[PDB]
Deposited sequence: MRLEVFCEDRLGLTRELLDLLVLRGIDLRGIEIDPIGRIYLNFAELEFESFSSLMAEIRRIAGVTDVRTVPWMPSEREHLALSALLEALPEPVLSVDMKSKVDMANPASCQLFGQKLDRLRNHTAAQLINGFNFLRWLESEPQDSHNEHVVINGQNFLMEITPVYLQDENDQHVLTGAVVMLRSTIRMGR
């Protein structure tokens, strides 16, 4: 949850806000400040009730002119736009580290394997996809991308695998051979 607090230029206002979060059982994840007169607050979802009296309570603080909920902290905005677009990808995307452990994985990567992100992230890559040697490839210090054909839950896909940053690991896409043929026909004069 992200709050934006509008306030005048007053001594001690930021402290009195953090005290208030502490009094109320709320553990702070982030606070950002705009010199113009805005304070953003990051903490875990409140239930609706604790939420509304808190807003009211923040508005009573000396120097606060207004509060609202906002979709992101200034710090989150761009990396959330990046995540959104990668999560939107209609087919499986997912990244792995140097130990080939799954890191980033999109919704389709989850639905195909039939599991939520946090279990899926517990896997190395060869545990999820039969037929390829991830760790020996990532050991290979790779230049180019790799294309392999794989079957996953009895389904034909093409898997492409590309190194990431020096070698901080790799990311890879999967495309259904069946979806490709249906979709290259999405032209029929």
| query | finding |
| --- | --- |
| Ranges of the deposited sequence (numbered from 1) for which no C-alpha atom is modelled | 177 |
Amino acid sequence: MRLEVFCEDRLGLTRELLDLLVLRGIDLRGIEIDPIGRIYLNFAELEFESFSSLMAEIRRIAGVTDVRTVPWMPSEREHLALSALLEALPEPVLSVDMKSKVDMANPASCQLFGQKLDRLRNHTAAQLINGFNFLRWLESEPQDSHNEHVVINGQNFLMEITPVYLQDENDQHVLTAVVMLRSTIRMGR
From here on, numbers count along this sequence of modelled residues.
| property | result |
| --- | --- |
| Per the entry, higher mean C-alpha B factor between 30 to 38 and 126 to 134 | 30 to 38 |
| Comparing 40 to 48 with 156 to 164, the one whose average Cα B-factor in the PDB entry is higher | 40 to 48 |
| Modelled-residue ranking by C-alpha temperature factor, third containing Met98 | middle |
| Where the record places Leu20 (Cα B-factor, split into thirds across the chain) | highest |
| Position of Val150 among the chain's modelled residues by C-alpha B-factor, lowest, middle or highest third | lowest |
| Lowest, middle or highest third - CA B-factor, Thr176 | lowest |
| Entry-reported Cα temperature factor of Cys110, expressed as the chain third it lands in | lowest |
